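So you can see what is in the structure, the chains are spelled out below.
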Amino acid sequence: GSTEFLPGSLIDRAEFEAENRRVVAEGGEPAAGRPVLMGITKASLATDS
Amino acid sequence: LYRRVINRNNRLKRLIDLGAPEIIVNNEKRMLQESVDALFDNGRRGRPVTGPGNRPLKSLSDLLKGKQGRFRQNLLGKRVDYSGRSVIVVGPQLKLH
Amino acid sequence: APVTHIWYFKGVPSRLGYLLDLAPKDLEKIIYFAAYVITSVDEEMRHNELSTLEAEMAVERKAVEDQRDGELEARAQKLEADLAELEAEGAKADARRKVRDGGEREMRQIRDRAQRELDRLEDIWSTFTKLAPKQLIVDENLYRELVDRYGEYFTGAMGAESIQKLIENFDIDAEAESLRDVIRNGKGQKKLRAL
Amino acid sequence: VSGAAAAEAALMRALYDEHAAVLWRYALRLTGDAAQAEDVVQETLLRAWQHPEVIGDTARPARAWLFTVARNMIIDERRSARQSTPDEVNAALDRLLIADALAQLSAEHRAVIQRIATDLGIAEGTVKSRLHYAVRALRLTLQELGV
RNA sequence: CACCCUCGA
DNA sequence: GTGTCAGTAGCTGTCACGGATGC
DNA sequence: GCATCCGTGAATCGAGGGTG
């Protein structure tokens, strides 16, 4: 949409909604979403730290 | 590892100054590449650099991997002063606390 | 001499191979001096000299063919004369068959020398006509011929310094937007590789 | 012309292809280390290029001349080429006393001992003395505590 | 300290 | 300074799994 | 467009002894 989120990337459902919250109120298109299931091993490496 | 890299680098300087054949200069740059590759992550590409006894040498990246790496061995769990250990024996007369 | 960080080359996925769209094996050949790589090519000068270069290449091929035909003629005539001479000596026809097959063998060797040369010229011209950056040339003699002939039109190099040059002559933003264009509208098969 | 400066290359690259991959094995068996062998090979072949009085007589064994070069270089390397930090208890206890016998002083003896006659703007005899008496006060205090 | 061995809950 | 052949040890007796690598 | 092959990972603490 109008976000800088690279399509196909797995992003926390908090930052996704918080970014679409700014873009929706900015006028651009909010980024689309689709729930994704990650294994614990894969989710651990995806942490922000 | 660092010493082997330095040797090959100084030889490269010699070859450049002496105008050695292009074959030698290029085939030496390749060896410098392989040596720096070993310095950073020995064994990552191809065969590891064997030390005395056909033992693969540890690299800088080997200092951080697995249980013996810096992270798990020396950061997540340290060794502590003011500590001891001994055999345990049942003490029925003791109170729970 | 510049050197490459193994972490970004051999670490899977090959980060450099993803940046320059180079295959990991091709990149391995480049870095460790197994194949040359084209860093730049003056395509406009080549376009302005293509007709002349084509004519010269064609004349070279024709010279090869003419020399081949003359040499084959010499051998065939000596063959006929030798068979007549060994017939005057009265040798048995089996010996003449031996000499016959020997002459055919030698003529085949001559024609094959000429054919290898002709195919070398064909490959040289084909590679120079369809020459682009990021191309690999595993044959060292071929690259030497390319520099000896059309060295004025392109620039090539080997090793890690060549990849340094490739990164230098790289527009990051343009390739990014190209990948995004592929992403907006593409097949999953060829869309995952772009993502 | 330039074809000659190219003939030099095409002369080396034509002996590499026939002898480097075999010289490597020699130095390998003698060192049990493919890395050094890799080095020794380039060292040797550079000398070869530097000594053209050997390859010129093509009909004579060059390989045989190379093996000895390497075999000598290895032994040249084989010439006479053949933890934990204590606990700062004591030192720290010592200073913990020394610091306890520093409050038993006067600020002038202190400012002097913590360093000289060019700054404090006094004599060198005043230095020597203040140092002298100040030490003796330090010694007195320490031995008062029983050091 | 690098590896190695043998062992204990 | 070097000059006739002059040429690794060791080893595969682990496995499950995902995804870039490559035909 | 898909099989191959590469790389990743695989419990915790503790005792003594040897060599490079």
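### Considering the overall build of chain C
When you go through chain C residue by residue, the secondary structure sums to 9 helices and 3 strands. Of the regular secondary structure in chain C, the N- to C-terminal order runs α-α-α-β-α-α-β-α-β-α-α-α. Against the compact-globule benchmark of 16 Å for 195 residues, chain C has a radius of gyration of 26 Å, which places it well outside the compact range. Here the C-alpha coordinates of chain C stretch approximately 85 × 40 × 40 Å along the principal axes. Put simply, 73% of the contacts in chain C that link residues at least 6 apart link residues at least 24 apart. Only carbon and sulfur atoms are counted for the fraction: they give 50% of the accessible area of chain C, which is about 12700 Å². Of the side chains in chain C, 32 bear a positive and 41 a negative charge, and the two mean positions are spaced by 8 Å.

### Examining the side chain of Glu43(D)
For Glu43(D), the location among the structural elements is in helix α2 (residues 34–50). A distance of 3.2 Å separates polar atoms of two side chains, one belonging to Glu43(D) and the other to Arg11(B). Each residue touching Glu43(D), except ones within four places of it in the same chain, is listed here: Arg11(B), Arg14(B) and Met73(D).

### Topic: the interface of chain B and chain D
Each partner contributes to the interface: chain B provides 17 residues, whereas chain D provides 13 residues. Taken together, the two surfaces of chain B and chain D that pack against each other cover about 1400 Å², and 54% of this comes from carbon and sulfur. The largest per-residue losses of area from chain B upon contact with chain D belong to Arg11(B), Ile23(B) and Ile24(B), which jointly make up 32% of the total buried on that side. Where chain B touches chain D, the interface holds 7 salt bridges. A salt bridge links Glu43(D) to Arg14(B); the shortest N-O distance between them is 2.5 Å.

### Some details on the UniProt feature "coiled-coil region" (unreviewed entry) in chain C
Per the UniProt record, "coiled-coil region" (unreviewed entry) is annotated on residues 69–124 of chain C. Helix makes up 93% of residues 69–124 of chain C and strand 0%. Its end C-alpha atoms lie 23 Å apart.

### Re the sheet that holds strand β2 (residues 136–137) of chain C
Two strands in a sheet stick together by hydrogen bonds in their backbones, pointing the same way (parallel) or opposite ways (antiparallel). All names here are of chain C. The sheet built from 3 strands is open, its strands ordered β2-β1-β3 with antiparallel pairing. Looking at the sheet topology across the chains shown, the edges are occupied by β2 and β3 (154–157). The pairing of strand β1 (residues 36–41) with β3 spans 4 bridges and is antiparallel. Across the sheet, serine 40 pairs through a bridge with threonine 155, a residue of β3. Each of β1, β2 and β3 touches helix α6 (residues 140–150); the most contacted strand, β3, lies at about 145 degrees to it.

### Points about the protein's contact with RNA strand E
Around RNA strand E sit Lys58(B), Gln83(D) and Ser84(D), and those are all the residues in its vicinity. Between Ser84(D) and RNA strand E, the recorded distance is 3.4 Å, taken from a backbone N or O atom to a phosphate oxygen.

### Concerning the protein's contact with DNA strand G
Neighbouring residues of DNA strand G: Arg44(B), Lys65(B), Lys67(B), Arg72(B), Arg79(B), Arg85(B), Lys10(C), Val12(C), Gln189(C) and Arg193(C). At a separation of 3.2 Å, a phosphate oxygen of DNA strand G approaches a polar side-chain atom of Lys67(B). When grouped by side-chain class, the residues that make up the surface near DNA strand G number 1 nonpolar, 1 polar and 8 charged.

### What to know about the packing of aromatic side chains
Residue and element names in this part refer to chain C. Scanning all chains against the criterion turns up 8 aromatic pairs over all chains. Taking the centre distance of 6.3 Å and the plane angle of 65 degrees together, the rings of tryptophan 125 and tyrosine 150 count as edge-to-face. Separated by 25 residues along the polypeptide, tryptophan 125 in helix α5 (residues 93–129) and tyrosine 150 in helix α6 bring together distant segments of the chain. Consider the rings of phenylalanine 128 and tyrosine 150, whose centres lie 4.1 Å apart with planes at 10 degrees: the pair is stacked. Here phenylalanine 128, found in helix α5, pairs with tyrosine 150, found in helix α6; they are 22 residues apart in sequence, far enough to count as distant. Looking at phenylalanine 128, the relative accessible area reads 0%, which means it is buried.

### Section: helix α4 (residues 43–88) of chain C
Residue and element names in this part refer to chain C. Compared with an ideal rise of 1.5 Å per residue, which puts 46 residues at 68 Å, α4 spans 65 Å between its outermost C-alpha atoms and is within 8% of the ideal. At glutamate 49, α4 is deflected by roughly 60 degrees, the largest bend along its length. If you check which residues of α4 are buried, you get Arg46, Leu53, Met57, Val64, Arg68, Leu72, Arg75, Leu79, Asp82 and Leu83. Contacts from the buried residues of α4 go to α5 and α6. Just downstream of α4, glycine 90 is the residue with a positive phi angle, here 80 degrees.

### Re a negative patch on the surface
All names here are of chain C. A cluster of like negative charges, contributed by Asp21, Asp171, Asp173 and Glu175, occupies part of the molecular surface. Topologically, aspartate 171 is positioned in the loop between α7 (159–168) and α8 (172–184). Given the relative accessible area of 48%, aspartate 171 is considered partly exposed.

### Points about the environment of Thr3(A)
Mapped onto the elements, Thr3(A) comes out in the segment before α1 (13–26). Residues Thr3(A) and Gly27(A), spaced 24 residues apart in sequence, show a C-alpha to C-alpha distance of 11 Å.

Rules behind the numbers
Residues numbered from 1 in each chain as written, not as in the entry; some residues may be left out. Chains lettered and ligands numbered in written order. Part of a larger assembly, values for the part shown. Heavy atoms only, no water. Helix = DSSP H or I, 4+ residues; strand = E, 2+ residues; numbered from the N terminus. Rg over C-alpha atoms; globule rule 2.2 N^0.38 Å. Contact = heavy atoms within 4.5 Å. Areas by Shrake-Rupley, 256 points an atom, 1.4 Å probe, with all protein chains shown as cover. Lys, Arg positive; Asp, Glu negative; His and termini not counted. Charge placed at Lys NZ, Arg CZ, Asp CG, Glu CD. Polar contact = N/O pair within 3.5 Å; in protein donor to acceptor, adjacent residues only side chain to side chain. Buried area = accessible area lost by both parts, 1.4 Å probe. Salt bridge = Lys/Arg side-chain N within 4 Å of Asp/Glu carboxyl O. UniProt positions renumbered as here; feature names shortened; annotations may be inferred. Pairing = 2+ DSSP bridges. Axes fitted to C-alpha atoms, helices over the stretch in contact; angles between N-to-C directions. Near = heavy atom within 4 Å. Nonpolar A, V, L, I, M, F, W, Y, C, P; charged D, E, K, R; others polar. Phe/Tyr/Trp six-rings, centres within 6.5 Å; stacked < 30°, edge-to-face > 60°. Buried < 20%, exposed > 50% of the residue type's maximum accessible area, 1.4 Å probe, protein only. Expected span 1.5 Å × (residues − 1). Bend = angle between axes of the 7 residues up to and from the residue. Patch = residues over 30% accessible without salt bridge, like charges linked within 9 Å, V, L, I, M, F, W, Y side chains within 5 Å.

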